[PDB]
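Residue-level listing of the chains:
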Amino acid sequence: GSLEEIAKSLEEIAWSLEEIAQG
Amino acid sequence: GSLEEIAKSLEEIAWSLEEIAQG
Amino acid sequence: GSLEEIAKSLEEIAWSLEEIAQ
Amino acid sequence: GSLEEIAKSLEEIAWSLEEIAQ
Amino acid sequence: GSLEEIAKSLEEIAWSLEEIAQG
Amino acid sequence: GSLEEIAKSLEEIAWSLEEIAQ
Amino acid sequence: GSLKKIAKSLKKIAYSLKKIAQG
Amino acid sequence: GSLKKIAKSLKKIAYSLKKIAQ
Amino acid sequence: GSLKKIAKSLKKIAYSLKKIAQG
Amino acid sequence: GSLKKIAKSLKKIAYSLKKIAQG
Amino acid sequence: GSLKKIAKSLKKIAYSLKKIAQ
Amino acid sequence: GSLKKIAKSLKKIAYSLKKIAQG
């Protein structure tokens, strides 16, 4: 449900933000 | 997920308790 | 919201069951 | 309650981040 | 925290209700 | 538990963003 | 949402237990 | 997780209360 | 908070149901 | 429900950060 | 409670991002 | 569980933002 969607989105955000921080 | 299962179980519990209260 | 309503109902449920247990 | 406040804040955060991305 | 405490109490409630149903 | 860890991480996130915004 | 359904079920459960306790 | 444990316990509770009601 | 109140109420409910089950 | 709104906002946040990371 | 702390931090994060975006 | 996954992602997100802020 919604909690699983929230977890999936936060994993994606974590990857995107790590890439931004390394740039 | 789990929250929907919880809601489904509580609907069942509510039905059984209404039956108990009605005799 | 809904969580506060849930807490309120469970408080009422606890009072009723304590009455029954007594 | 708190969950609705969390939802409102995340809606605001999403608009701000879209502005930054734009 | 509170969620784990809620889980523990519901486990106890489940055992008590099984006892009541058996008794 | 997990909710308290989420709160701690969000407090840190808020502090870091305050530095960036400041 | 699930939390709305859970709240509704618990209102019914509380009412049923009120009737049981008074009986 | 805790939510999974809560859901499992409530399935047992529903089963017991069905037996009681019958 | 709501979760703490919910946990407290379920601790009370478990206590009452234990008393009920014990004869 | 609130959880549905939270998931939707995090989907939007993830897309925005993905666009930033890719650029 | 944890949810109150989470809501508070997200209000701070939203404000910081508003300042950044503006 | 989802809450455990969410906490893990937020720890990663927090570190990335620390690097950005301190960089």
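Throughout what follows, the structure given in this document is the object of discussion. (Residues numbered from 1 in each chain as written, not as in the entry; some residues may be left out. Chains lettered and ligands numbered in written order. Heavy atoms only, no water. Residues with missing side-chain atoms left out of burial classes, pairs and counts.)

With that settled, consider the interface of chain C and chain G. Between chain C and chain G, the residue contacts involve twelve residues of the former and 13 residues of the latter. Residues of the side of chain C that touches chain G, tallied by class, amount to six nonpolar, three polar and three charged. (Contact = heavy atoms within 4.5 Å. Nonpolar A, V, L, I, M, F, W, Y, C, P; charged D, E, K, R; others polar.)

The next thing to look at is the arrangement of the chains. The two units chain A and chain E remain apart, with a minimum C-alpha distance of 15 Å. With respect to C-alpha atoms, chain C approaches chain J no nearer than 9 Å, and the pair has no contact.

Here we take up the environment of H:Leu3. The residue H:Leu3 is located in helix α1 (residues 2–21) in this model. Between the alpha carbons of H:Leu3 and H:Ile13 there is a distance of 15 Å; along the sequence they are ten residues apart. When residues no more than four places from it in sequence are discounted, the contact partners of H:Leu3 are A:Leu3, B:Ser2, B:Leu3, B:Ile6 and E:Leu3. (Helix = DSSP H or I, 4+ residues; strand = E, 2+ residues; numbered from the N terminus.)

What follows is about the packing of helix α1 (residues 2–21) of chain B against helix α1 (residues 2–22) of chain G. α1(G) packs onto α1(B) with a crossing angle of 20 degrees between their chain directions and a minimal axis gap of 9 Å. In terms of their interaxial angle, α1(B) and α1(G) are classed as roughly parallel. Regarding α1(B) and α1(G), the two cross each other, and that crossing is left-handed. Taken together, the residues of α1(G) that come into contact with α1(B) (itself represented by B:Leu3, B:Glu4, B:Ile6, B:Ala7, B:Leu10, B:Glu11, B:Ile13, B:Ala14, B:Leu17, B:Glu18, B:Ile20 and B:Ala21) are G:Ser2, G:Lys5, G:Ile6, G:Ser9, G:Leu10, G:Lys12, G:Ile13, G:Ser16, G:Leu17 and G:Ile20. Within the contact of α1(B) with α1(G), the residues separate by chemical class into 14 nonpolar, three polar and five charged. (Axes fitted to C-alpha atoms, helices over the stretch in contact; angles between N-to-C directions. Parallel < 35°, antiparallel > 145°, perpendicular 65-115°, else oblique. Left-handed = near helix turned anticlockwise from the far one by under 90°.)

The relative placement of two packed helices is expressed as an angle between their axes plus a distance between the axes. In the contact formed by helix α1 (residues 2–21) of chain C and helix α1 (residues 2–21) of chain I, the axes pass within 9 Å of each other and the chain directions differ by 20 degrees. The angle between α1(C) and α1(I) falls in the class roughly parallel. For α1(C) against α1(I), the interelement crossing comes out left-handed. From α1(C), C:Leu3, C:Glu4, C:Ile6, C:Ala7, C:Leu10, C:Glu11, C:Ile13, C:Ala14, C:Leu17, C:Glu18, C:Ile20 and C:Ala21 reach across to α1(I), where they touch I:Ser2, I:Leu3, I:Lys5, I:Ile6, I:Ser9, I:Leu10, I:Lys12, I:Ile13, I:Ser16, I:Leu17, I:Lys19 and I:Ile20. In terms of residue class, the contact of α1(C) with α1(I) is built from 15 nonpolar, three polar and six charged.

Along the polypeptide, L:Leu3 turns up in helix α1 (residues 2–22). Each C-alpha atom of the pair L:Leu3 and L:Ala21 lies 26 Å from the other, and the pair is 18 residues apart in sequence. Beyond its immediate stretch of four places on either side in the chain, L:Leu3 contacts A:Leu3, E:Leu3, F:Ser2, F:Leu3 and F:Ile6.

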